[PDB]
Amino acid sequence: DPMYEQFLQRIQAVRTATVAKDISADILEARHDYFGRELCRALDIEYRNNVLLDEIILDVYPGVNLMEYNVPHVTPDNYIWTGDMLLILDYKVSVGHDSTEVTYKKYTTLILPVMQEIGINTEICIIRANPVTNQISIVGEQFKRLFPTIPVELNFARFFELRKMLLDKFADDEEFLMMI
């Protein structure tokens, strides 16, 4: 895959702490976007990765008088419109649940009020892949009802290989460790 060869190239070339730190964040972000692609592929839903709430609202409800509402500036990864319900989706890749809970409460606080004013029935849904075990957790009762089985075949091994190589290269680097 070109993406792996691209990270390998940057790891091969990297010399400085600040450039190393950005490779690390990029790998973690690509792991997340890789899961998002595979997730939507397994579900037969269109793939998206960060859609402004404004554009979600105009997509499902183009005749809304949008100028009457204060739509918070927020970009969930994706959404599904079942013709009756709007499911807000965010992907996660994590061994723990803490990041899931933070996004859940943020979207519940930021998205749900205005969707209720407008009158679109909405549910926040979060799908987390444990990157070690490949196990899929879901929050969102309606999402679980419409997808009782999630036929994903995930492999995150290459993302660990790449990050491990970078962390080995800067094993001593104090400045670098100060940004994990």
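For clarity, a rigid core is taken as the largest C-alpha set superposing within 1.5 Å between two forms. The numbering used is simple: start at 1 and walk along the sequence shown.
Displacement analysis by core superposition in 4 other deposited structures of this protein ranks 61-69 above the other of 32-40 and 61-69 in root-mean-square C-alpha distance from the shown form. Stretch comparison, 109-117 versus 148-156: after rigid core superposition, larger RMS CA deviation in 4 other deposited structures of this protein is found for 148-156.
According to the PDB record, 93-101 carries the higher mean C-alpha B-factor of the two stretches 106-114 and 93-101.
Between 16-24 and 167-175, it is 167-175 that carries the larger average Cα temperature factor according to the deposited entry.
Highest CA B-factor among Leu66, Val152, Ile56, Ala30, as stated in the entry: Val152. When the modelled residues of the chain are ordered by their C-alpha B factor, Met85 lands in the highest third. Placement of the Cα temperature factor of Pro148 within the chain: highest third of the modelled residues, per the deposited record. The deposited CA B-factor of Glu123 belongs to the lowest third of values across its chain. When the modelled residues of the chain are ordered by their C-alpha B factor, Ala42 lands in the highest third.
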